[PDB]
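K.L.:
This structure is in structure tokens; I'll ask about it shortly.
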Amino acid sequence: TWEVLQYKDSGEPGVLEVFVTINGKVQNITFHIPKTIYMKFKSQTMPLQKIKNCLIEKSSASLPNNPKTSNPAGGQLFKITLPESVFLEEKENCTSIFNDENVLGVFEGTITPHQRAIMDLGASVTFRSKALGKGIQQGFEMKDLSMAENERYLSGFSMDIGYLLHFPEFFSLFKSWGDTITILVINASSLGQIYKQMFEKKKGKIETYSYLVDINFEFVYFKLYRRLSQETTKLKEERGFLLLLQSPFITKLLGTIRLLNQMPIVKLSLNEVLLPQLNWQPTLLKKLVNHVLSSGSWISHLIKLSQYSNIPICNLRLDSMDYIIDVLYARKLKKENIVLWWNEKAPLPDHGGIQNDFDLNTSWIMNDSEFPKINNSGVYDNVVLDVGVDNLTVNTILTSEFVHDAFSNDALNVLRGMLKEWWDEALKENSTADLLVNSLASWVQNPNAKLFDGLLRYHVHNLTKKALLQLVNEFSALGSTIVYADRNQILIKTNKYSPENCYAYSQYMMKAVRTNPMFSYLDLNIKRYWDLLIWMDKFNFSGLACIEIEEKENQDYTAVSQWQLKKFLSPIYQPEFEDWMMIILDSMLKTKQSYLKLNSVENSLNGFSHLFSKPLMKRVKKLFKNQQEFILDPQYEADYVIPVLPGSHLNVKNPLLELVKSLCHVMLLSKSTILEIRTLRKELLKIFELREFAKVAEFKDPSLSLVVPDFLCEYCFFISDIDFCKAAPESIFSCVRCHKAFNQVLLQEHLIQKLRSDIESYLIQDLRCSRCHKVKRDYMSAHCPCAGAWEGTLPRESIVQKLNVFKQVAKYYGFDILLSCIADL
Ligand SMILES: [Zn+2]
Ligand SMILES: [Zn+2]
């Protein structure tokens, strides 16, 4: 039994070196790992070439189901284990088994011996030789003798640590058993006071991690760039001490300090650190001191994860949740008869090389990322509750030959069982299992993770679609009306009129929803209760809300007013719009209260416009007179300037016209008091010299839309679709739940990817006949056999407008790489 610190493959093929903790101190020993690959060679009879020394066997493993691979054909799969040295020597010639006729690909050729050893063998290494000296003077061979023991406790750790840090010339070093700090080219006093301050502020953490790392140290602020080599050598002969690395140039530091390859090291890369251009000393001091005093908690968490997941310390990292998923899932498949499709240094599933080719169905499943939603505008007098839906993907996964696009059923079942056992373990107070459950969805979406298949992602998305529509149907089974739908928010119209009466109703409804077997794992929370709502859009609504219904007391009612349409008004009319919106909301509240006091038309709201008709008309007349008087004055030209915003496309002249048009369209949403609104609108339009059904008196959307789907937040794992045009500022740059700023070059890259996928989709479109909508089925042909000329499924003007709005968006904010992307066209 031995605890492995690190695995590492040698330059010679099939040879690996390990820093292991021998019964005394650490020790290094050499191994030999053969390779294992899977072929599809010939149909039933093959040129075996048995004279070559290797192991061959016709297996019956489960191959991945590619959409393009529709013909099973010959299925005599072969399992070949083979040392990599002879593989490299036989790669030279062509007359060999690897390259012949009827060779259909290699399925497990990109798996290093390091990976095979760390998945099958693990850190808990032991021997059962029962020639140990002869096996340690040379590399101990493992394929004949290998096994993994239990790993409940990895090791009782009591041994020194190292520390080398960099902040873009801020190379820093520290020793646990040292007593000095020197920094490469007021500071000392600030350093001492800050260290003492965070000492008392983290006394408890320091005490509870002192057994890992333990004190004032000498400070120094140091032709000087060669001292890294000297310090590394000095620490090499001073101790045998794990190294902690923190810099954006880890590979550069490893390649420029030759001594760093001689000891096991643990990397803690948290890059993207920048300088404030002024007073960088306090912030850098804070960074270094918090890193120094949090390394103990870091190593505690790392040893927890390692001794939980049977992974060596040096091969772990704080944010490598996907790696553990890959390791566990891969070993669970290895004990199974399923080929791993393992991939390295490429975000594509391994399929034998077929995956390099371009195929239409793969292209369409790659770019199918948009998610639908439900919006039913109108004015509601019934109470409406706002709920949130959580843990949707996990419940969707856990709940539930002919089709070539289907994902493999066996892998789906295995993943469901693994997720179920993780859920059960996390229920029994396991933080690691909880973190794994939280990170599962991010692992699924992220292509950078290995064992990633777009087919599986599409399968999950399709299942989520079906589950959401089923949930909507279930909510519709009882008395309910869905106002808005999304992956995160659902608004439901309640039959009753008083919020106080919906307490037991809402609780019973949510209880019944939870008790449903397919909705067992969902998490439902109620946020707000609505008294009177004017809902037309996600970004444009106003109403009266109470947070939560209390007992024996009248609830607190607050008014909300979110209207992007207000921004597109003239600067001088926005106060008028606000005031009149407030007045009309007050009138509707008053008439609903009066009707309720009395006891597809509803007398709750009918007759509400009689309260404010004449003052509104007089005010509109006064506004028209003043605008007529002072429109051509130069000093008054400032307040009549129509603002320009991203996504604006309408070109119009008279501001009062849009003011009244919006003020009438907001009222027209009644869907039950149409005639009164129409009479009022005609009377308003009579003030101008216009007519009831004129084109210029028609309201439109004063903005376009540009939505980015499946936007992810690293800190909170929140998934939402962000709109680059309709959304207000100071929300594009920060996550909704957690108030953490977003990275900007990520936004630019995502916009560029969306644009390029759009262009590709336009360029790969199909052709449809004009008269009969049948599709083109021939490569060369002038027209349909019937009458009619071909037209494209994707019209040109649509993509032209899309590019226009990309241009406007990129111009509004600072987006330079996107501008360069435009320029290359
Ligand atoms: Zn977030
Ligand atoms: Zn036709």
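By convention here, the chains of the structure tokens are called A, B, ... in the order presented, each chain's residues are numbered starting at 1, and ligands are numbered starting at 1 in the order presented.
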Select from region 532-778 of chain A everything DSSP, run on the backbone, classes as alpha helix (DSSP H), then give the selection as an MDAnalysis selection string.
P.N.:
chainID A and resid 574:598 613:630 655:668 674:687 744:763
K.L.:
Compute the set of protein, DNA and RNA residues whose minimum atom distance to ligand 2 is at most 6 Å, using only C-alpha atoms and all ligand atoms, and state it as number ranges by chain.
P.N.:
A: 769, 771-772, 784, 786-788
K.L.:
Atoms to include: N, CA, C and O atoms. Write the selected residues as a PDB file, in the first residue's frame.
P.N.:
ATOM      1  N   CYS A 769     -39.736  25.363 -53.442  1.00  0.00           N
ATOM      2  CA  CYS A 769     -40.466  25.890 -54.585  1.00  0.00           C
ATOM      3  C   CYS A 769     -41.514  26.903 -54.133  1.00  0.00           C
ATOM      4  O   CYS A 769     -42.081  26.800 -53.044  1.00  0.00           O
ATOM      5  N   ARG A 771     -44.571  27.896 -55.564  1.00  0.00           N
ATOM      6  CA  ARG A 771     -45.997  27.593 -55.637  1.00  0.00           C
ATOM      7  C   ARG A 771     -46.371  26.478 -54.669  1.00  0.00           C
ATOM      8  O   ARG A 771     -47.153  26.684 -53.736  1.00  0.00           O
ATOM      9  N   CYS A 772     -45.815  25.290 -54.878  1.00  0.00           N
ATOM     10  CA  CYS A 772     -45.963  24.177 -53.953  1.00  0.00           C
ATOM     11  C   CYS A 772     -44.724  24.117 -53.073  1.00  0.00           C
ATOM     12  O   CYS A 772     -43.599  24.147 -53.580  1.00  0.00           O
ATOM     13  N   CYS A 784     -39.128  23.779 -60.517  1.00  0.00           N
ATOM     14  CA  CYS A 784     -39.980  22.675 -60.119  1.00  0.00           C
ATOM     15  C   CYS A 784     -40.627  22.043 -61.351  1.00  0.00           C
ATOM     16  O   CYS A 784     -40.800  22.706 -62.376  1.00  0.00           O
ATOM     17  N   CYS A 786     -43.705  21.369 -61.540  1.00  0.00           N
ATOM     18  CA  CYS A 786     -44.882  22.215 -61.683  1.00  0.00           C
ATOM     19  C   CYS A 786     -44.425  23.641 -61.987  1.00  0.00           C
ATOM     20  O   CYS A 786     -43.252  23.896 -62.271  1.00  0.00           O
ATOM     21  N   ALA A 787     -45.349  24.592 -61.943  1.00  0.00           N
ATOM     22  CA  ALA A 787     -44.970  25.986 -62.097  1.00  0.00           C
ATOM     23  C   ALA A 787     -44.308  26.495 -60.824  1.00  0.00           C
ATOM     24  O   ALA A 787     -44.550  25.988 -59.727  1.00  0.00           O
ATOM     25  N   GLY A 788     -43.459  27.507 -60.978  1.00  0.00           N
ATOM     26  CA  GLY A 788     -42.826  28.122 -59.829  1.00  0.00           C
ATOM     27  C   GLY A 788     -41.313  28.090 -59.846  1.00  0.00           C
ATOM     28  O   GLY A 788     -40.704  27.169 -60.399  1.00  0.00           O
TER      29      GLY A 788
END
K.L.:
What's around residue 24 (chain A) at 12 Å? Count only C-alpha atoms, leave out sequence neighbours fewer than 6 positions away in its own chain, and write the answer as a PyMOL selection string.
P.N.:
chain A and resi 2-3+158-159+240
K.L.:
Okay, now the selection with C-alpha atoms, as a PDB file, in the first residue's frame?
P.N.:
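And here is the file that came out, selection.pdb:
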ATOM      1  CA  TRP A   2       1.316   3.414  -1.022  1.00  0.00           C
ATOM      2  CA  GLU A   3      -0.109   6.899  -1.520  1.00  0.00           C
ATOM      3  CA  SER A 158       3.019  16.054   8.182  1.00  0.00           C
ATOM      4  CA  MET A 159       5.587  17.515   5.797  1.00  0.00           C
ATOM      5  CA  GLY A 240      13.033  16.580  -0.614  1.00  0.00           C
TER       6      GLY A 240
END
K.L.:
Residues within 9 Å of ligand 1, counting only C-alpha atoms and all ligand atoms: report them as number ranges by chain.
P.N.:
A: 712-719, 734-742
K.L.:
So that I can see what lies close to residue 708 (chain A), please list as a PDB file with C-alpha atoms, in the first residue's frame the residues with an atom at most 9 Å from it, counting only C-alpha atoms and leaving out residues fewer than 2 positions away in the same chain.
P.N.:
ATOM      1  CA  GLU A 370     -32.496  28.271 -28.840  1.00  0.00           C
ATOM      2  CA  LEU A 706     -30.568  40.005 -30.080  1.00  0.00           C
ATOM      3  CA  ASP A 710     -27.270  29.237 -22.680  1.00  0.00           C
ATOM      4  CA  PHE A 711     -25.152  31.935 -21.050  1.00  0.00           C
ATOM      5  CA  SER A 720     -30.124  32.086 -18.737  1.00  0.00           C
ATOM      6  CA  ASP A 721     -30.580  33.657 -22.157  1.00  0.00           C
ATOM      7  CA  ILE A 722     -29.336  37.253 -22.234  1.00  0.00           C
ATOM      8  CA  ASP A 723     -30.731  39.880 -24.609  1.00  0.00           C
ATOM      9  CA  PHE A 724     -28.131  42.312 -25.927  1.00  0.00           C
ATOM     10  CA  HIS A 750     -19.862  34.628 -27.855  1.00  0.00           C
ATOM     11  CA  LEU A 751     -21.267  37.312 -30.154  1.00  0.00           C
ATOM     12  CA  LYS A 754     -23.281  33.442 -32.835  1.00  0.00           C
TER      13      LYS A 754
END
K.L.:
With the cut-off set at 9 Å and counting only C-alpha atoms, tabulate each residue of region 67-159 of chain A with an atom at most that distance from an atom of region 394-409 of chain A, showing the nearest atom pair and its distance in Å to one decimal, ordered by chain and increasing number, as a Markdown table.
P.N.:
| residue | atom | partner | partner_atom | distance |
| --- | --- | --- | --- | --- |
| A:67 | CA | A:405 | CA | 5.0 |
| A:68 | CA | A:404 | CA | 7.8 |
| A:69 | CA | A:404 | CA | 7.9 |
| A:70 | CA | A:404 | CA | 6.7 |
K.L.:
What's the separation between CA of residue 811 (chain A) and CA of residue 823 (chain A), in Å to one decimal place?
P.N.:
12.8 Å
K.L.:
Measuring atom to atom with only C-alpha atoms, identify which of A:144, A:65, A:607, A:96 is nearest to residue 594 (chain A).
P.N.:
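Answer, going by the shortest atom-to-atom distance: A:607.
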K.L.:
Which residues of region 543-614 of chain A come within 7 Å of region 533-539 of chain A, and what is each one's closest atom pair and distance in Å (one decimal), counting only C-alpha atoms, sorted by chain and residue number, as JSON lines?
P.N.:
{"residue": "A:543", "atom": "CA", "partner": "A:533", "partner_atom": "CA", "distance": 4.3}
{"residue": "A:544", "atom": "CA", "partner": "A:533", "partner_atom": "CA", "distance": 6.6}
{"residue": "A:562", "atom": "CA", "partner": "A:539", "partner_atom": "CA", "distance": 6.7}
{"residue": "A:563", "atom": "CA", "partner": "A:539", "partner_atom": "CA", "distance": 6.7}
{"residue": "A:564", "atom": "CA", "partner": "A:539", "partner_atom": "CA", "distance": 6.7}
K.L.:
Which neighbours of residue 483 (chain A) fall inside 12 Å, counting only C-alpha atoms, when residues of the same chain fewer than 5 positions from it are skipped, and could you give them as number ranges by chain?
P.N.:
A: 373-380, 382-387, 472, 475-476, 489-494, 533-538
K.L.:
Between CA of residue 639 (chain A) and CA of residue 577 (chain A), what is the distance in Å, rounded to a tenth?
P.N.:
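Distance reported for this atom pair: 15.0 Å.
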K.L.:
With a distance cut-off of 7 Å and only C-alpha atoms, select the neighbouring residues of residue 768 (chain A), excluding the residue or stretch itself and same-chain residues fewer than 5 positions from it, and output the selection as an NGL selection string.
P.N.:
:A and (773-776 or 790-793)
K.L.:
Would you compute the distance between CA of residue 280 (chain A) and CA of residue 182 (chain A)? Give it in Å to one decimal.
P.N.:
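Between CA of residue 280 (chain A) and CA of residue 182 (chain A) the gap works out to 17.1 Å.
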K.L.:
Tell me which protein, DNA and RNA residues are within 10 Å of residue 82 (chain A), counting only C-alpha atoms, leaving out same-chain ones fewer than 6 positions away, and put them as a PyMOL selection string.
P.N.:
chain A and resi 14+33-37+53-56
